[PDB]
Each structure stands twice: as structure tokens, then as C-alpha cells.
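J.: First the structure, which I've put down as C-alpha cells, then a few questions once you've had a look.
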Amino acid sequence: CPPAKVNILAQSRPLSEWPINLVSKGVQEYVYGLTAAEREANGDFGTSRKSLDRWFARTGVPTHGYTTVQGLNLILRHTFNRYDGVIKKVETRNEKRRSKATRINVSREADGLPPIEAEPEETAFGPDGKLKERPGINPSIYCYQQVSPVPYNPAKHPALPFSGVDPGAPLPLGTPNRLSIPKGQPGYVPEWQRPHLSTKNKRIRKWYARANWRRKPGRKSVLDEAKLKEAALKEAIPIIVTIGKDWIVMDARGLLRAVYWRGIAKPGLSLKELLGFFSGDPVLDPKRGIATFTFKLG
DNA sequence: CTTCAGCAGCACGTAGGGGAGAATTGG
RNA sequence: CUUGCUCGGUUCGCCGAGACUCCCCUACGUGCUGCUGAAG
DNA sequence: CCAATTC
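Everything in the first sequence is counted per the deposited numbering, starting at 58 for the first residue and increasing by one.
Below is the structure:
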């Protein structure tokens, strides 16, 4: 299940004011700082509407509006498994420690010597009762079935300065027959360069790639990022994820690249089939500005 | 003005916790 | 094989060779440096 | 149609 990466193009507001991220942050902050008894007291986080509703009242965690059971479940199981996992880490060493102590004691008993004393344990709780190596908050925003990427159809999605695509039409191809371009137009290969061009099948880089306009010791062309990007989203494929009043729109060109180098798909493929190769629950990075996808089992 | 000694990391590892849905269903 | 990333050739028009299991977190070595004390 | 249920 390899991962595939995708860049963002627009969003309503920064992914920090989202109810999902705020609720996950509050839940984590509450759970990580629990005592080894309060963990078992508040560990009956439910799976239904009523159980997950009454847990928030019992534990008092602020709720910013988020109520999705599928979206409130993915940010409680992870938090409690991380809490339990730190204890699992501090108790993993003690298993081999006890095994080694038992082996040494058995060897001494066989030799006749009395068993040697060993350290009891290295627990994870200090005088305050809380946990020593308290975990850090995960900024990842995990998606779910109810909110899955779909083709950006402007029928209901809001008005953006973007283009539109047919989910049924096959995906466009990257300027076939490169050596037919008028002079003075983007992508033009001068005549001296046409001899000794690559004949093997490889990635077809676009004119407005960032690798062709970048600072380099022997590159005298001037970098114009403002135009290099403003003329780069015209040929973009837009996929949209939507939780509430939020409308992340992405670029399904990373997905298109991903499907073409693991022996998966060819130029004859519609948008619906493109993201039908991927799991419907991507992971979002609020600070880096990237979305991560995963293939299916096939 | 040389050896140490218990701490911190702009950076590199490592080591070990956690994680990365969808099909059947109900107002 | 349209975005993204790495390394390069160029008349600067874009050309070539690549990698693609990723993220988060708490610890912990290393020179670097800082903070003290022994040593003629 | 689209939030909630088990797996």
C-alpha cells in the first residue's frame, strides 16, 4: 500500500480553525494528561451517538461543533492507543529485563548460587501520578467515508477561479508530439537540441515546471514564480474534500503521476477511475500544506 | 591550559509508541 | 507519464539523469557551543 | 440522501 502525495490549491480558511482539528487537539490534550486510574475511569469512550455524546460531558472536553461519529471515532481511538502505547513502550523493555533476570537466576540455581537481585521496573509515572513521557499532539487530519475526495464539479461546489472536468471523459494527455510547436511558444525545442533527445519512455515534464525555472550555477534564465504558478493551475485536475463549510480543493496530478509509474494505468482513464485507485480516507497536513493518499489493496 | 563532568541541542542519525476504511444500514 | 522533489548539460527557448513507505511524537549518542569544578 | 453501525 504505497502512498501518493497531492498539493493544495485553495481552502476556505487555514486548516487550524476547523472543528475537526480543534476537537482532536482538545481531546488529545485532555487524554495525554491522565492518571493511570483516570485512564480506566474515562476509557469507556463509546462508538455511538449517545455514548460519544455523554463522554464529552463526563470528561468535559470542549466541543467546537464537531459531532460526526465517524469523524469523532478516528480521533479517540488514536489518542487512547497512543496513551496506552507509551506505557507499552516503557513496559516493553521490562519484558526482556525480566526474561534475562529469570535466565540468570536459573543459571545460578543450576550452579547452586542463590538468585541475584534485579531492578523491579522502570514505570512511566512520577510523583504527581501523571505519566512521565507525555506524548505530543498529532496535527494530522484523518478523513473518513462521509468526507471523501470527489471530482470538483462546480454544480454545487463553490465558485473558484478554476477550471472544470468531466468525471467520465478520459484524462488529458501531456502535449503529445513534443517536436511540433511554433517558435516563440512555450515548450519549443530549438533545432540544435532536437538531435540527442531522449527516445526512451520517461516522465514528460511540463513547460512551467519548477525544475526548469530555478536557481542553478549555469542557468541564466530568470525565475518568475508568480507567472510560473499562475499559469500552472490551468491544466490542473481538481479533487475536493468537504467536512462542513470547509472545501479543501487539491491537485490530482500527483495521483495521476502515481498511477503511471507502478504499472497501473495508462492515458485512457477518466477522473472517477483515477481516485478509484485510492482509499477514500486521505491524511491532511495543516502546516506543510499537503494531502497524502493511499492505494487500495489491489 | 591542559585534561573532565552533567545538561542543552541550529544537524545527522537511531530506537520505539502511534497512524494512514468501507459496506450495510436508518431518519 | 501535466503538478511536487533530487542531481546535472544550456545559445536560457527547456534538455537530460533520478528517488518515490510516508507522517507524527517522546527519548537518546555525536562532534559544535555554553555552564562549573580538579590539574604544574 | 446522508449521518450512524458494525466489521
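The beta-carbon is built from N, C-alpha and C at its ideal position, and this holds for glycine as well.
(1) Counting along the chain, where does the alpha helix (DSSP H) carrying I305 start and finish?
(2) I'd like to confirm the pairing. Which residues does DSSP put opposite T349 in its beta bridges?
(3) Could you tell me the distance, in whole angstroms, from the CA atom of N162 to the CA atom of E148?
(4) Mind checking whether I194 and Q85 have CB atoms under 8 Å apart?
(5) In whole angstroms, give me the CA-to-CA distance for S156 and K353.
(6) Kindly confirm or deny that the segment 132 to 143 and the segment 80 to 96 touch, where touching means at least three C-beta pairs closer than 8 Å.
(7) Spell out the partners DSSP gives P208 in its beta bridges.
(8) If you draw a straight line from the alpha carbon of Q242 to that of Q203, how long is it in whole angstroms?
(9) Over the uninterrupted alpha helix (DSSP H) stretch that includes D281, give me the two end residues.
(10) Between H135, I144 and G83, which lies nearest to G117 when the distance is taken from Cα to Cα?
(11) In angstroms, rounded to a whole number, what distance separates the CA positions of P224 and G122?
(12) Within the same chain, show all residues whose beta-carbon is closer than 8 Å to that of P196, passing over the 5 residues directly before and after it, in chain order.
(13) Using 8 Å as the threshold, is the C-beta distance between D281 and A293 below it?
(14) Of the choices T180, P71, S105 and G325, whose alpha-carbon is the least far from that of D303?
(15) Would you say the segment 226 to 243 touches the segment 316 to 331, given that touching needs at least three Cβ pairs under 8 Å?
(16) Tell me which residues share the same chain as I305 and place their Cβ nearer than 6 Å to its Cβ, disregarding the 5 neighbours each side in the sequence.
(17) Would you identify the three-state DSSP class for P76, choosing helix, strand or coil?
(18) For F219, does the three-state DSSP call read helix, strand or coil?
(19) Candidates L236, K257 and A315: which alpha carbon is nearest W249's?
(20) With H, G and I counted as helix, E and B as strand and the rest as coil, what does DSSP make of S69?
(21) Please return the same chain residues whose Cβ sits closer than 7 Å to the Cβ of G311, not counting the five positions on each side in sequence.
(22) Which residue comes first and which comes last in the alpha helix (DSSP H) that contains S108?
(23) Applying the 10 Å Cβ sphere with the 16-neighbour rule, what's the burial state of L254?
(24) Identify the residues that DSSP records as bridge partners of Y201: which are they?
(25) Can you tell me the Cβ-Cβ gap for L285 and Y265, rounded? I've got them flagged as a contact below 8 Å.
(26) Give the DSSP bridge partners of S327, in chain order.
(27) Can you check DSSP and say which residues form a bridge with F182?
(28) In whole angstroms, what separates the C-alpha of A114 from that of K107?
(29) Could you please give the first and the last residue of the uninterrupted alpha helix (DSSP H) stretch that includes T149?
T.: By the coordinates alone:
(1) Going by DSSP, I305 is part of no alpha helix (DSSP H) at all; its letter is neither H nor E.
(2) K62 and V340
(3) 21 Å
(4) yes
(5) C-alpha separation (whole angstroms): 41 Å.
(6) yes
(7) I296
(8) 45 Å
(9) It is not in any alpha helix (DSSP H) - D281 carries neither H nor E in the DSSP assignment.
(10) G83
(11) Computed Cα separation, rounded: 33 Å.
(12) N78, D342, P343 and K344
(13) no
(14) For the residues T180, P71, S105 and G325, the minimum Cα distance to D303 belongs to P71.
(15) yes
(16) Its chain contains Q68 and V298 as the residues whose beta carbon lies nearer than 6 Å to that of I305, once the 5 sequence neighbours on both sides are disregarded; these appear in chain order.
(17) Correct three-state label for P76: helix.
(18) coil
(19) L236
(20) coil
(21) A61, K62, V63 and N64
(22) Looking at the DSSP string, the run of the alpha helix (DSSP H) that includes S108 is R106 to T116.
(23) By the neighbour-count rule (16 or more Cβ atoms within 10 Å), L254 is not buried but exposed.
(24) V204
(25) At roughly 5 Å, the Cβ-Cβ gap stays under 8 Å, so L285 and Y265 are in contact.
(26) As a beta-bridge residue in DSSP terms, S327 pairs with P227.
(27) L188
(28) Cα to Cα, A114 sits roughly 11 Å from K107.
(29) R134 to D168
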